Every structure is written in C-alpha cells, then in structure tokens.
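For reference, the chain that follows is the form deposited in one PDB entry, supplied as structure tokens.
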C-alpha cells in the first residue's frame, strides 16, 4: 500500500544530511514487509549514533542504574562520581514499590559520592570506603549496596571491585560493583547487559547451597517487569488468580531476597525480553529453569499469554485460567463497547526503546486503531524480527531516529496520535497532534492486564478526542 511513496519520503528526508551521515542513516530506515522474517536484510540496529544529529538514546548508566538496579527497594544504590547523574535520574521513572522510604526503602532517593577535583585527581576508593561506612551507620536497615559507576570511574583508574569485596567481607554485607560507565556501548542496552552480569556474579548465587525454601510445582518468577504505574501488580494478581505462586518479580517492587530465591522457581515469565533475556538464558543454562515470553497489553494478548502459561502447567491451572478469562471478559468487553467507536480508524506512530513499540500494538488494535509507523531507540535485530510479523504491510520502521527525521515523517504521514518520550511530547503538541508519553504513561496507569486496559482506553480517548486540538488556529488567521 503506497510502499514506493514511503520509500520516496525516506529519500527526501535523507537528502538533507552530509554523505557519511546519509549513508549511515539510510540503513536504519525501512518499509515493513510482514512476509520478511530476517530483519537484518532491511534494517540495521545496535550501532553508534551519528554525532550532532540530536538522538534520543541514553547511556549505559541509565540502562543499569535507572532501569535494572533502581527498582530494587531494600538496597541502597550509590551513584559513584559527580553529582549530575543521580540528580537527573532521581525519581524520574515511575517504578512503584511498597515501603517506608528512608527506613527500609530507598528507590526515590539519590545516594551519590559527588566527586570534586581532588577525587578526580587522586582517585576515590578511600572516599568510597568512607561512604560505605557512613551508609552503614545512617541506614542500618538496608539489605545491600550497589555501586553504579559513572564516566570518570572508568576514565580514571578506580578499582571498585576490590573495595566492594573488602568492605563486604568486613561488614558481612552484599556490595555489588557495576561498571556502567556512560561511554560504554551505544545506548542503554549494554547497561542492561552489565546489570544482568552483575546480578549473576554477585547476587543470584547466595542461596545456591540453601534448601530451606519450600517450593511448589506452581512457582514462577516475573522477569523484566518494573511496575511502571503499578503495571507488575496488575499482572501479578492475574497470575495469582490462575493458581500460580509468584516468588519474585524483576525488578519493580523487587527485593534482593526475591532475586536470591528466583533460582528455586519452576518457570520464568519474561516480560521485557531486551533487558532480561541475559539472566533468563543464564538461569536456563545453570539451573534448568525454562523461560517464556508473554504479553499483557490488551485483552487479546493477555488471554493468549494466560492460555500459553497455563498450558505450561497441569489441568487444574488451565481450568483456573478459563475461570479468570470468563470472569474478566465482561469488563473489557464493556471497555471496548464504550471506547472503540471513538477510536476506530485512527492512526498511530510510536517511538519507544527496546520492548514497547511492537509490544503494545495489540492493545491499539483491540481499540480498532492502526499503527502506521513504529521505532526503537536501542533495540536489536531480534526485536525487529518480532516486530515485522507484529506490524502490517508497507508500514514505517526506523531505528535510533533523529529529531529531524521523525518530525519530517510525522509531517508527511500525519498521524492522529504519537506515542513517545517527553523529549518529543511538547514538540508534537505544538505541532497540533495529540501525544501520549509511553515511558511514564503520562503519569497515569497501570496499563498491563485487564484492569490496565480500561485505563489505557480511557487515556487514549481523553487525549485523542480532546477539544483543545481544534483551537490552535486563531479565528482571524
């Protein structure tokens, strides 16, 4: 459907760049074919961003501290380096938790070493040890400490692994060094890899010799769900209504004891493939734990995922799954009956990094909405392999898109709604186009599960059908 026209637009947008930038960016733009299975033949991903083209990507510190390690509530995470990092990453991601902040819970706080010139010149290992002692003194109820390195830690010759070992042996405390310097990798994904490596190396094997935890055949661990707006909770109740026992969830509202007890479960339900497939494969290799991906965005994907998960178990779990589906059918049917007529036929362009862009399409299709263009800030070729069969014929695909490219694509295609990060929200609100911020979910939610689908539909309706969008043109002009 107008595949040549999408290809033409790509060329006209590429015309502006210099030759090297154009040649690099041409490989990150594609027209989707549902029949193509290998995405490497059409789109390139996981590459360095071109200098000075205003990318959306973050750093490895954001992928490790801000995504994987931050949601762990009972541990204290130290931003090792200058003050800016933890300050800009403090409480910006809505990873929800239950606890007494400052006493047993520390997600929303900013622990930092705050280097000055002298720490840069003479190193900061002694200062890190003194900081660890001060943390122990002032925060006795913590259950572990993580040391998230920033750029100078890698640049200067700090060795925080030995300090972590010595202090942990001295204090009988789990101290996990994470070399997540922002200049490593090209995006947040290598931060995910480094964080998972740290998890396997320092935390995961504490209770390997311990067999005091009673286990049941119905033990699963939720992996890769960070409880954004409560999302993980909305999933967990469903799994507990199906007759399953959720030992751990990674890592929203997560505790270190849950991570240590994870190797005792019978199944690993991985929600975010991109950030936790590493630890999932490690557990499959070392403990024999099978892991499977699932989707809880929209009633259709939720029902399919529940049925598959129950198929991994015996007949009683399957019967409970059928009971849960029958119980929740009228609610999402009412949601559909109320909101589909006001969203049918609308077109959406989504830019998000890693899992979300192909992973929320089913919920839009449940509302009768068509995604015409989907993009990933830092995904890999396997994510696009899933995306191509997830998306429709002649749709736009785009990896690590620049601001100019995305603005031109939006001007040409003219969608009714854009789902993207805040750095795009106000740009496209001033363009007269409804915008929904997927990462914080416009500070609403949750959207996972049956209870989340209602909120999702309500929010899409309230933003798309907003009376403000008809008032940007002055009556005299």
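Positions refer to the first chain, counted from 1. For the two forms, the rigid core is made up of the largest set of C-alpha atoms that agree within 1.5 Å on superposition.
There is another form of the same protein, the form deposited in another entry; it is not shown, and what comes next is about it.
- Superposed on the core, the two forms barely differ at residue 451: its CA moves less than 2 Å between this form and the one not shown.
- Annotation: Cα of residue 434 displaced by at least 2 Å between this form and the one not shown, core superposition.
- Relative to the shown form, the CA atoms of residue 439 and residue 188 are pushed 3 Å or more farther apart in the other form.
- Put simply, residue 83 and residue 440 spread apart in the other form: their C-alpha atoms are 3 Å or more farther than in the form shown.
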